[PDB]
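Naming follows writing order (A, B, C, D, E and F), and every chain is counted from residue 1.
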Amino acid sequence: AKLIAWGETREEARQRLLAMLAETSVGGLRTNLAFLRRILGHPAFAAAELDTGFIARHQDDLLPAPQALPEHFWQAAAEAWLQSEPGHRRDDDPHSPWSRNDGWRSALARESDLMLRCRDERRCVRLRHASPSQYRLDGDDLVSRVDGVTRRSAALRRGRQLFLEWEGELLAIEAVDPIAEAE
Amino acid sequence: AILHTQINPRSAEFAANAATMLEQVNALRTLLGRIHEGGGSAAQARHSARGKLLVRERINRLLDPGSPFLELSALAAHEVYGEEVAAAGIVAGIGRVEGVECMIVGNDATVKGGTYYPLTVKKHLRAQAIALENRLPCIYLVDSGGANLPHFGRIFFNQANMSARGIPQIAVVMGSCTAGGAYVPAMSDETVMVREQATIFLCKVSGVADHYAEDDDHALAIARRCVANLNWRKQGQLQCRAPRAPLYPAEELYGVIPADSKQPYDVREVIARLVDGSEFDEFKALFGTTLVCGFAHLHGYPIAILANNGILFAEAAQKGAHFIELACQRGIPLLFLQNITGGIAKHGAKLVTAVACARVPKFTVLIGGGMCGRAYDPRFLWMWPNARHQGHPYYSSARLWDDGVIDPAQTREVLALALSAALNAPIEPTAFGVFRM
Amino acid sequence: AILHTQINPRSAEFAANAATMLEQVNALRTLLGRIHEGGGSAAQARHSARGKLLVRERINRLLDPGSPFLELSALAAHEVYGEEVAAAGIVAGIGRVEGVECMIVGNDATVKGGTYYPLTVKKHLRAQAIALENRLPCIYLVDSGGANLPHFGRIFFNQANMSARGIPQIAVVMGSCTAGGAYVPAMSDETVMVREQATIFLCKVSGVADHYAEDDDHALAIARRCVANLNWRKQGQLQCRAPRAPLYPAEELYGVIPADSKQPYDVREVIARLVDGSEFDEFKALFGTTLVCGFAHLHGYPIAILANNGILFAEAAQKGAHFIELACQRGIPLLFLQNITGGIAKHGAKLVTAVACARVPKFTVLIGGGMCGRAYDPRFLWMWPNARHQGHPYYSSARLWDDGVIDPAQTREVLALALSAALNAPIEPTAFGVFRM
Amino acid sequence: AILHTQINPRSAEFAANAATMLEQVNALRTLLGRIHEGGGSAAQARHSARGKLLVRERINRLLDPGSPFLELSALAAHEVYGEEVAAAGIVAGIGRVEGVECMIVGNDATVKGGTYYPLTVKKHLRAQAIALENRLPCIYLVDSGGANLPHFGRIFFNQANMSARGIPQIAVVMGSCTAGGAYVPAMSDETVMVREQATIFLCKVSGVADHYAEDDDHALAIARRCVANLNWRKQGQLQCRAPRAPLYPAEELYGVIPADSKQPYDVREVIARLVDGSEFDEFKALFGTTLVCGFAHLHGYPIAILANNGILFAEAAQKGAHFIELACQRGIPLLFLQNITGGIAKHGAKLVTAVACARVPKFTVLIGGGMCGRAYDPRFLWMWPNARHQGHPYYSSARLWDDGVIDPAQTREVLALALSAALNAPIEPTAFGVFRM
Amino acid sequence: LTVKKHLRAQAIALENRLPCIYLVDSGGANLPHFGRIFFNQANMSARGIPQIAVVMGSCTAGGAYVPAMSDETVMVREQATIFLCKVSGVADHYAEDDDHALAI
Amino acid sequence: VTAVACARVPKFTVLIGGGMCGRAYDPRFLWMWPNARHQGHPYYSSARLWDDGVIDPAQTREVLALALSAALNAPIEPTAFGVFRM
């Protein structure tokens, strides 16, 4: 697609267009979207320092290189996945408290363990919280509360895949399948 | 219908009550916390070292993502033997596995090498007792170092009869099957075996394995595919309503219970914080006021409650027998909120008979200090910490006289999970003995 | 399938028919209107004066908001005794209470102080007969001044057996329990008692009350909480479809019935205005044309109809027996539209046996003038006003030979409520006697 | 779970396999195409000439708009007699009629005037055998010129017993009821007769008709109203899931089957293209590798498969018996994928007993060349064309040794329709004989 | 017709609940329909109609299953060629001769 | 095990010497001969109800007889076995 933003000034068009790139997600392919986000958000581009060599010049800032993702991330991804996976309500007994993706434990704190795999990396996120808070999820928005700061990002589930917005780059997350791979 | 609370949360007599209670709930959370380590970070590291998941790591991986888990008797063996035998070296509990509520029983290899102490056996059996009565498929995570190197077998008998009754038995061997143990998987409809790791000492050579796995993770993954093909349908029939929360907060229960045993209180304040919408329809409120009786719903499940509110007298016994007669007629589960403070027997008989013969699922929670616990075979029996050295909840709980000490603020949740587990099985019609009129 | 009407609504022969009919429906609406006053505005004022709700005010408060109410036998006792005994002093009928269809039976204290005349007993029983056969929980609003100061007990017998069969019995005493009456609440699973108002003369002193109420309104509110905890599930199984209205208006039924008894008409025009979508699939249309037989649906409920269209002859008897054989095979309710105008018995036998043994629910409506009414024990039996001094619908209806005279334009609604009430109970499979081939 | 295919669709060894297979599927499509003409365009024109619908035109009009139709044994009689007797002159198959799956059986009047050859009888019966075992209502489109002018009756016996078991029998006479035939409608709960066209020679004169029709179209319309009032409910209980397609295309099955009988292949590649999501949970994969066994779902229906992958040896027999023991415990249908290539009997016994006694519905498809077909009475038995002059699928299929030769690329669809037809009937619990341990 | 008759006998044995005793001695299922037979043995056994085999000869081809499929098998030793006690694993009683066998 | 565990006819057990095992399979009764096996003495178990008593070998037939007959007051249930591990 072609994304076009109009503004009264050029900063407006730029800032708007940038917002349209933030609100756009695309998964299942590699996309020049992360690239474009950076261009509009580049000091060089705001300053209109344009010439036909702009691309090959600032390439270092436009085409960075990945950073493994922090434990800051896996906790977020887990919460997200876990919450995109309800629990199976059986026609047998529809309101069964056993359908909670809660992690409820008797006297101790909520325990949930997930074997997630993003890109070509895999972690065993263990979610613990004697504090029900932290994350929630509505529609395609993961609402997180890193003690004090309530932030919200994209988290979209399509099939057996969870596409999470992280640092202006869509990351595909899925559950590890012990059987599939052992094979 | 709806109950009005006479309890002042922001009072001082209250905070006093919540004081000792929270105090105890915390003693519990700590002990359990300890008990959670099995044989200390020592053995646990050694175990993880051999590349194996810990019993509780297995249990959490086996379960459905986020699933609740109702651990049974964690205080098992506590201060009963010489040294420690955390949870008797076996972790039991009900949890969802491929949409099915299953009885999970695993050996904590890190507790005397997962060797059955008398209470270990008693607990393993107790789990099956529950699995049978509630028709809960079984999943045994085998990993043991003996039946005591320096009562059992009954165990296999159970596997056979449940299998015969259509309650699927599944074994997952991720360790040693020393002594008896070797039969546990032998006696299961389906066994998942870990290869070149799980020492099978007394797949196609033991002839006791139907699925082979590289590691503990693969194994549990397979165990899940097993439950995935049980073609399971629950048999309990009930007029379930959509769940509705109680009008007052769970925690307020801590303040309700007088800090002093003597100091009388209205148990109705306990009911009000457990049942749906706090609606309790009391039966014969002015007769046998020592025994509160009424109908209600909990997580949409209709229940008939009977809570002790003093000493059981004649009129109470009658009141109670009549009420249980009603519940059985209608096929409604029974909730016993027991706190036993303290010619006569002529009527107590009626209650006994009603309670003994009633065939709907029964649940009991001791919230205080005839009738009595394990005597009437309720599906489950839980104790609040405030309940009563040789009378400490830990005493009994540690010897399987009950299924565990639970957090008062969670009773509604526990009773809910339980009621639902129970519903896997049908609800038999009742036949009473000859009531001594 | 779909029936084409040969009836001209804007005709003159029509208006003539609608003439006498509407005429009669109005005679009825008036009498009932009268009957609605029990013992005149006299006694009624006296009653309201004592601060009590009237029997029908109670019935309307007990019911679910807006609920239909199917009153049974209102013409009871009419012109049978010396003076009046409106509806025999007892108001019976089926209505929703907490989502459950219940048999309600109340004493009209304002009719000889609610004293049982023979027909009062006959009617009270008749209600239970219905409550048993259709598995309808019972709610007795007790308020009586005797069993005749200047047959019964059978009543209590019924309470016991229904209770035994799991059909919950509830008593609400809002008045006097004189003579027998005292047992009515004694014999109920749950009794709601009005305190310091409802003279209990032959809670914890009568020992026959399980709930105490300040006034009639409180009482009925409690009675509702009672039904609220019946954990009730209906047992009738059927392939119900979503309801579809008949192609022609209800009222047109008034014009269909010839004003003259003799003047033959096609009963199919009556069916067409009762069944869903007016689709009637006739069976053996050219054989035994005196007996119309076919399948259809009414409020989504599948029914097998048999309506008289002349004199019953051999071929008809056969046709009919075969048809009922079909219905029973399939577990479809039977609808008898009876209008009996007037070697042979060899075949009539077959019909008798089919009709006698058929175990699906049966409903009968007399719309005209072997077989016959209460002889085959249909769940209910209603009469249209046009049906036949000692042969007047009022005659029989007043002596409980049927469950009431109904408005032809409402037959579809009545049959619908009935069919559904019936469905609280299962639908037994059928076993026929030896058919005389 | 999920299977990985080792089959290369764009390979050459593949195209070779798909070569001979497609070749055969096409031989079949042609023969059937021929068989579709009954007695040639000759007789067919003559028939349409008399204003009558052809047997297959009737079948398509009777069915619900767009309904699938599972024709049974079309190759019946093929090259068995002197001349041709297309499909033995009777077209059988399961199809929807007013939302109900029915067994339809029609005489092709254009094949020797619809005269029963021995195999015609065998097939008519075979259809009923299926209708009984799967509780499928029957609809006979009668049109016959004899029971052979130049074994039967058993037929009527069947009509009576199914009628007795509540499996509705319907007759639609649109032609001649010569000889026996006359009883077919006589023996049906409901008969639809065509008037002044359908020669009734050995409504109210034959006394064997309950509905009269102007023409074949009217008749079939009525036959539909008949099924419309069966008040039918299926009795098979199962944990059905929503359907999920197989990972690989249907047609790829043509390439999978080696073109050479000898050349061994993995049957798992056949399963992978039939089951939902291609997920197959194999049981004892490393034991008795000659018999592949596992669970899966097909159109949401859970099934337990057993496919031949070589010669049946001891370990295999055991593996198999254990697996069927599991399936029966859980009430899961059995799928037999048979391709029989080729001390011992001690264990083969166990398999026999398991297979013989297993009471869940069983389905069998021959996809190759003890155990064996019609020996264990599976609900249905189909053959792939590649399967094995006196050993040709046509040979057997033509003599009713199976229910037809089917397109490999449709096996999943056929098994699906079948499984569902089967579900009209309950799923009995199993009792096994004495297993020779 | 041998098969048809063997089956016919079982049909009768099932319908009338008559225990079965098969005196096995066969030279084939035709060297130059069956199996249904074993199916019957299994179902009658399941219905509690006891199946007994007495092998006093050859159990050629199918035959070998007849005793395999019986609750109890009596085998004649060193006389009754068992070709397709504890080696066939299909015998629960061993007999010297036909008379001993039938006695068992 | 499965056969012994599931078998529903009345079962009787007598220890006459020294898997399977006693009270594990719930036989109607369980008796021990004196010759059977300090902490292994028939008296040990018999004294703790691990069995229903030590009996005279010369009376076993009589005891089993009385027992079998007592048992017959109750019906004899049909049996359902678990999944036999073939």
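A few remarks follow.
As a convention for this text, contacts are C-beta pairs under 8 Å (C-beta built on N, C-alpha and C of every residue); 3 or more make two chains touch, one makes a residue touch a chain.
By chain, UniProt protein names: B, C, D = Methylcrotonyl-CoA carboxylase, beta-subunit.
The busiest chain interface, judged by C-beta pairs in contact, is A-B.
In whole angstrom, the spacing between the mean C-alpha positions of chain A and chain B is 39.
Each chain gets one centre point, the mean of its Cα atoms, and the points for chain B and chain C are 50 Å apart. Residue positions of chain C touching 2 or more other chains: none. In chain A, the residues that reach two or more other chains under the touch definition are 177, 179. Contact between chains, as defined at the top, is found for A-B, A-D, B-C, B-D, B-F, C-D, D-E, D-F.
Interface residues of chain D, counted against chain A in their complex, comprise 1-2, 4.
Considering their complex, residues 318-319, 321-322, 325-326, 329, 347, 350, 431, 435, 437 of chain D touch chain F. Remark: chain F residues 80, 83-86 touch chain D in the complex.
Put simply, chain E touches chain D in their complex at residues 33-36, 38-39, 41-47, 51, 64-65, 68-69, 71, 84, 87-90. Here chain B touches chain C in the complex through residues 1, 237-239, 281, 283-287, 295, 302, 315, 322, 326, 329-332, going by the rule given at the top.
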